[PDB]
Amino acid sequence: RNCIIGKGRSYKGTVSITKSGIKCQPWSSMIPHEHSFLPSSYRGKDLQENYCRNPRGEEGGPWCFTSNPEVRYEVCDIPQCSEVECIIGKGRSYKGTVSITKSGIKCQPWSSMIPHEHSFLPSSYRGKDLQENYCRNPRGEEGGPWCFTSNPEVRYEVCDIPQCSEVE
């Protein structure tokens, strides 16, 4: 996970370059800047290698001591986590808006019985977000999110949604 949530208190990624483009000094190094932010004094904050970190929780976000002797420390510019349209595992928790199947067929709305009559109504699956015609995996089947299809010859089909890469 190379994105930050909020100010990146939980950031444990591998970015090692500051906002202005300076290579980070290793946390366990005293060169060029002497400091006390050592891994042994900040257990759980993962002050490893020279990765940008926010061990105390400050505004700018994750930061590091810089290899430039003239710049003691500088914040790093890491993108905010914005991933959405992806699935974790087989997507029991998927609640995005993909509405086409793996074969390219437009999904039938869950509350519609046309062309396919079925039982997967929102009122019978409260909490599964069977809204609009979005792909869903309400019963937790290994096929991933699926939908009834608008092709009268294809009752249902799993959709094609890639795995996430920013969850944890």
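The first residue of the shown sequence is 1; numbering continues from there.
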Q. Once you work out the mean C-alpha B-factor for both 99 to 107 and 23 to 31 from the entry, which is higher?
A. 99 to 107
Q. Can you tell me which stretch has the higher mean Cα B-factor, 44 to 52 or 119 to 127?
A. 119 to 127
Q) In terms of the chain's CA B-factor thirds, is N137 lowest, middle or highest? A) lowest
Q | Among modelled residues of the same chain, the CA temperature factor third for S67 | A | lowest
Q. Should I78 be placed in the lowest, middle or highest third of its chain by the C-alpha B factor in the entry?
A. lowest
Q. Considering only modelled residues of the same chain, in which third does the CA B-factor of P152 rank: lowest, middle or highest?
A. highest
Q | Assigned third (lowest, middle, highest) for the C-alpha B factor of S10 | A | highest
